[PDB]
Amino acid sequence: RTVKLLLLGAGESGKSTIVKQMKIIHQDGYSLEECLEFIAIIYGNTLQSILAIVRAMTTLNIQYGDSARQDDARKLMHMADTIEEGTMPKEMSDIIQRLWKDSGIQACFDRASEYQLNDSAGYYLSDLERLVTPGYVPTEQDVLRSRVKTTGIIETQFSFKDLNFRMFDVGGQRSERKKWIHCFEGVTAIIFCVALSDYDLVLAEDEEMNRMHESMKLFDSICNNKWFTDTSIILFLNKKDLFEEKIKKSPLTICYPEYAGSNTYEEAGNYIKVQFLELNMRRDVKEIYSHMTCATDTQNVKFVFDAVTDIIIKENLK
């Protein structure tokens, strides 16, 4: 039997990353040639990540640990406009590695919530040397961590537990959502992604809007839609790993002023969980399941998707 699955969620919530894990778990993963096609995407994120941090230094008026680094910054900005997109020359990675070790750069990096920085900034930057080592070949995690804004609607198909999954991945930015209506017919189940770590961030579309509030408005509109009352709705509270770390330094009261619980993964995590589940108008008849997930973690995803698959399988024989 066939099953139409929908991956919905705001921009940068983890959707495509899930797709990547489905490929790794139910599609024989990547080949060497494919793995290598990500090197440029990785060098691209890396650069864009260090560039944003650098620019934030002046925007947030933070000063370098060592004044010398100022030139390195200027020369990086230049090489950014002259080299070939998606490459990383020795003289460039040398400049990036020196900025990274700067105490002021780190201070700005720690304030990533104050501007727009890729989730994987610290992942790549921390290990740039490994990435530019001759003979470098991306690791699964390196691929999983790669960032590419997706536009449109893309289908990927795989079989599992004797079910033919037709999984549809969409774009999350506001302009892409008007295209979702084209897939609402015959939806067997919707996996809705929510970035747990978005509570102190603002949208790329509107830096005045909090990312989680945006996410809450979106989910509210989706779970309450005539086209899904007979569709399985699973909530993926994603980026647990990033969330359990910033919740130790950044108070959830930034998103919810009324929150009085402790700022710890467990309590704040459940508070966010509740605010989303309580958006359902008919939870009376239709229940919404939810898992704390880390889309970049294959084991967690393989586990959670197995559970999602059971839900589907069970809601079907009724």
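Note that residue numbering begins at 1 and tracks the sequence as displayed.
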field: Mean C-alpha B-factor comparison - 69-77 and 169-177, higher one
entry: 69-77
statement: Once average C-alpha B-factors are taken from the entry for 120-128 and 182-190, the winner is 182-190
- request: Name the residue from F109, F228, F236, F243 with the greatest C-alpha temperature factor listed in the entry.
  value: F228
query: Whose CA atom has the top B-factor in the entry, of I42, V274, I288, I254?
result: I288
- request: Would you check the entry's CA temperature factor for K249 and let me know if it's in the chain's lowest, middle or highest third?
  value: lowest
message: Using only modelled residues of the chain, where does the Cα B factor of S197 rank: lowest third, middle third or highest third?
response: lowest
task: Could you say whether, by C-alpha temperature factor, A52 belongs to the lowest, middle or highest third of its chain?
output: middle
- request: Could you tell me which third, lowest, middle or highest, the C-alpha B-factor of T264 occupies within its chain?
  value: lowest
- prompt: In terms of the CA temperature factor given in the entry, to which third of its chain does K149 belong: lowest, middle or highest?
  reply: lowest
